[PDB]
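Visitor: Opening piece of a complex, kept in its complex position:
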Amino acid sequence: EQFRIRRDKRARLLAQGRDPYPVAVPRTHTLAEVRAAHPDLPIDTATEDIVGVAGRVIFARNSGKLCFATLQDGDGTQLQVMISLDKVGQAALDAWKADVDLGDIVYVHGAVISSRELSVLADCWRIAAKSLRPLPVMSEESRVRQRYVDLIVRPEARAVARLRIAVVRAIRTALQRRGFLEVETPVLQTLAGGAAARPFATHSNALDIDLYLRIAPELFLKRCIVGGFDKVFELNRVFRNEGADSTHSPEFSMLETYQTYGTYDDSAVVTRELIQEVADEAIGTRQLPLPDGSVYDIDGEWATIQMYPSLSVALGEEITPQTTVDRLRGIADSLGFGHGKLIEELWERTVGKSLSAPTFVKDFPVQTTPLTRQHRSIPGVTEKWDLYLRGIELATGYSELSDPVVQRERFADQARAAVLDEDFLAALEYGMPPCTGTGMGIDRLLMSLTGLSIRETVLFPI
């Protein structure tokens, strides 16, 4: 019902030649600027520094000859205003009382004082916007269907939104210090490749074909290495037409990075530094506090373990690239398609779940890693690592497969479970120098650093 009273203050303001939504207002400082300015003001004393400020009224204490409001800026910073009879306007005070609700954006010019809390004592005042919905005094999934309200009433939502923006800045800073170049590769592709996922298709009207949103930029980033890029990345959305869960969404921000003439050994060291540098820039500590109330140390060096050896110790027997699927299925049952899949799953179900300190696992089954180079010395495994931080599958890197005839086979196997990415394979046969790629999910980065769910990390999900 308050929806109607509010619409009728707008109307009776328009009729009266009052502007409820004025083009401009001369806001001289932010309330943060007015705070940093008067940090220690002897309380109940006045100062002749004049300011125009605008804020959202989020409390009002109306009292005859004197109204007090709390004006909150968009960052949450608060200044109190004092709409007084005596300064200017009995009619201003009546206008104030009658026209000004809660959730109203409001400009006030005048003197900066501290009362018997930092306030502005009004020379003038005007409305900048008239709200036709009162602020509520909120469930998770209603907070997320209405982030704009969440950001006004919930300081934490402000803190989280700024945090992600700061993490993303810190990332670009870290990669740019190291000579990486940020490139833009296609989101619409004739076939989507470079990961294991079911793509979003769309019809094009220009071309009268179906196109596919990128599952991953890897294949196009590898054409940039062929093309002569030394050090490239791309920090931008990927689209995977699968289910949502606590570490999975169909649209999410993902970093990929390629460095020429380094291996997975080299890109492990960079991923650690990059994460540690981000924590410092954006959180101020490598001793990460959690909603637990616990503290997760990500400082220092990080453990590396091999999948097969670590799996062997966990199962009490030698598991090699040679170990048959009949053997592996057997073990699987004893707990509760093919070899590559079984190793990773058995590993995930035994070693994976027990991890707590930040660990790299490396040397992976050749079957489940079609784009990564065969290991230099160990037959049957690829030079790939997964990074687990606070138990989250955070990041991965490869020594990259630059052999086209091998790469052709890897795909010819995939498919038989038969059109390949012939222009990608074309690019490799022009010669791709030896290089190491990485990938990392921005949402998993935040979750691993904060505790925050994926539906708190993204501004506008669904």
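Guide: Arrived safely. Numbering: from 1, shown residues only, chains lettered A, B, ... in the order given.
Visitor: Spit out the contact partners of residue A:244.
Guide: When the contact criterion is CB atoms under 8 Å, 6 or more residues apart in numbering, the partners of residue A:244 are residue A:250. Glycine gets a C-beta too; all of them are placed from N, C-alpha and C.
Visitor: Now it. Its backbone dihedrals?
Guide: As for residue A:244, its main-chain torsions (degrees, to the nearest 10) stand at phi -100, psi 140.
Visitor: Can you classify residue A:258 by secondary structure?
Guide: Using DSSP: H, G, I helix; E, B strand; the rest coil, the secondary structure recorded for residue A:258 is strand.
Visitor: how close does it get to residue A:218?
Guide: Distance from residue A:258 to residue A:218, counting by CB to CB, to the nearest Å: 9 Å.
Visitor: for residue A:129, same thing?
Guide: Counting by CB to CB, the gap between residue A:129 and residue A:218 amounts to 46 Å.
Visitor: the more surrounded of those two?
Guide: Set residue A:129 next to residue A:218 and count neighbours by other CB atoms under 10 Å: residue A:218 wins out with 22 against 15.
Visitor: so how far is residue A:194 from that one?
Guide: Distance from residue A:218 to residue A:194, counting by CB to CB: 3 Å.
Visitor: Give the residues shared as contacts by those two.
Guide: Common neighbours of residue A:218 and residue A:194 (CB under 8 Å, 6+ apart) are residue A:371.
Visitor: The helix or strand residue A:120 falls within packs against which elements?
Guide: With elements delineated by DSSP states H and E, residue A:120 resides in strand A:118-122, which encompasses its position. Using 3 or more CB pairs under 8 Å, 6 or more residues apart in numbering; DSSP states H and E as the contact criterion, the neighbours of strand A:118-122 among helices and strands are helix A:31-37, strand A:46-63, strand A:78-84, strand A:104-114.
Visitor: ok, now chain B:
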Amino acid sequence: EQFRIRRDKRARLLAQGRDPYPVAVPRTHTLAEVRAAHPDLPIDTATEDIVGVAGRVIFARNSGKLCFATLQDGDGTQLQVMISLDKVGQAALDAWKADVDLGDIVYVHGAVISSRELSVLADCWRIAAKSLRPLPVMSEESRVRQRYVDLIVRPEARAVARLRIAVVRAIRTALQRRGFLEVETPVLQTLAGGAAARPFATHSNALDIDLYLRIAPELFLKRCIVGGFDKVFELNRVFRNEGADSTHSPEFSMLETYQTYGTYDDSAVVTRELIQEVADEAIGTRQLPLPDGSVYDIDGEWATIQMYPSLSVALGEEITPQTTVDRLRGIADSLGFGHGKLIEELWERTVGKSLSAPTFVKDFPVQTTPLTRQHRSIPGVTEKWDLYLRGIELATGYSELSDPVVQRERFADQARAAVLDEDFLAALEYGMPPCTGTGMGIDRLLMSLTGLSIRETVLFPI
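Guide: With chain B now in place:
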């Protein structure tokens, strides 16, 4: 046929326990690093600075006891190598001659000398990648179907790719200096809005509905202002399921920016500075040279003209918001749906086409601008500008419409040519402070600054 000889050098290299695609090679410096190091070396003299370098062989001059190649790095920098009998390997020289083609990535360790041009005289040498396609010695649309080849053989394609990356860096730098925060808003939306375009739809499997790729981020960026963001932008892809032409593609990179408590007057000044700052950072001059051989001055202040007045002078009669469509159609015929559309078109066909210096046109027909605030003083027009640079429709800005009941109407009109964006309108009725948005196309920015077509500006189009 050379496709077959090459595949058979790979095979007879694998059989021989030679690695044609080795995991690693110990590249100590880039050829650029080796150049900056020995800038003035008394020619035909040797120096005992040892380096490992890797490059692509893009010339070979094989000559009995001594082979010369030009090794080109990926940035185009060149060093010459001298594979000699006498330094190490008669068998190395035979291996060189027999195994090493053109378009082959190649590592060589040894001494840095200048011959009778800066070269490395080989202690060792190894292949890093074996190319199974010779470099061609290329049409526009074959250069663009194969950018990876273009980047190797065409220096200009290198220069253009780096230029775009530098423009994009310069933009983020400029907006961040000014306190703007970069946000990520959804690409997949339940309905796409904030511009005039036909969207790409896609089916979701999670939700079993159609979703739509964003035509523009405006509606979501306005929820961030409601939400308390002072100064926001977003530099990221938009998707418009329309035709391609010389200033139009269905996927393109687009900047949008919102500033609270400024108008279109304010965002005109920022757009000029932003463009001028970009030119300086990324081009080194505001006196922009073109393929013409001409020079386009973008320095100094820029002309502002009003649409209706400028149109009037061009047509020889008073054209106002009042001027009927019958009158406008009449004029249209005399040269060769509704009022708003007719003003902009007549303007575009007379005043628009005659512009050369960088000009802002402002005060627009209310009909063709549903999201921009009605002008403060002039009835019938909206506070909007278009910026024309070297005759390209580069950028636009609005004093933003924060009135929900007006905004509801603007849409209720649109539709009747009836489901609206009710959550967007919901956000406005919580109150959006007065603000000014802008938008600019990155491809048009480059085209306007360089002369370059849209199909040279984007790394991987189609």
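Visitor: Please re-evaluate the contacts of residue A:244 in the presence of chain B.
Guide: Applying CB atoms under 8 Å, 6 or more residues apart in numbering or on different chains to residue A:244 gives the contacts A:250, B:206.
Visitor: for the one 5 residues further on, same thing?
Guide: Taking CB under 8 Å, 6+ apart as the definition of contact, the neighbours of residue A:249 are A:443, A:454, A:458, A:461.
Visitor: Quick one: neighbours of residue A:178, just the number.
Guide: Using other CB atoms under 10 Å in any protein chain shown as the criterion, residue A:178 is surrounded by 15 other residues.
Visitor: right, I mislabeled it, should have said residue A:333
Guide: When counting by other CB under 10 Å, one arrives at 8 neighbours for residue A:333.
Visitor: State the distance from it to residue A:348.
Guide: The span separating residue A:333 from residue A:348 equals 16 Å under the rule CB to CB.
Visitor: swap in residue A:419?
Guide: Distance check for residue A:419 against residue A:348: by CB to CB, it reads 32 Å.
Visitor: So if I had to pick from those two, which one is more boxed in?
Guide: Each of residue A:419 and residue A:348 has its neighbours counted (other CB under 10 Å); residue A:348 has more, 15 against 7.
Visitor: picking that back up, what's downstream of the strand holding residue A:120, the next helix or strand?
Guide: Following strand A:118-122 toward the C-terminus (DSSP H and E): strand A:126-129.
Visitor: Tell me which other helices or strands that following strand touches.
Guide: If contacts are counted by 3 or more CB pairs under 8 Å, 6 or more residues apart in numbering or on different chains; DSSP states H and E, strand A:126-129 sits against strand A:104-114.
Visitor: Paired strands for the strand it packs on, with orientation please.
Guide: Note on strand A:104-114: by DSSP bridges, its sheet partners are strand A:46-63 (antiparallel), strand A:118-122 (antiparallel), strand A:126-129 (antiparallel).
Visitor: got the angle for the second one vs strand A:78-84?
Guide: Taking axes from the mean of the first three to the mean of the last three CA atoms, to 10 degrees, one finds strand A:118-122 and strand A:78-84 inclined to each other by 30 degrees.
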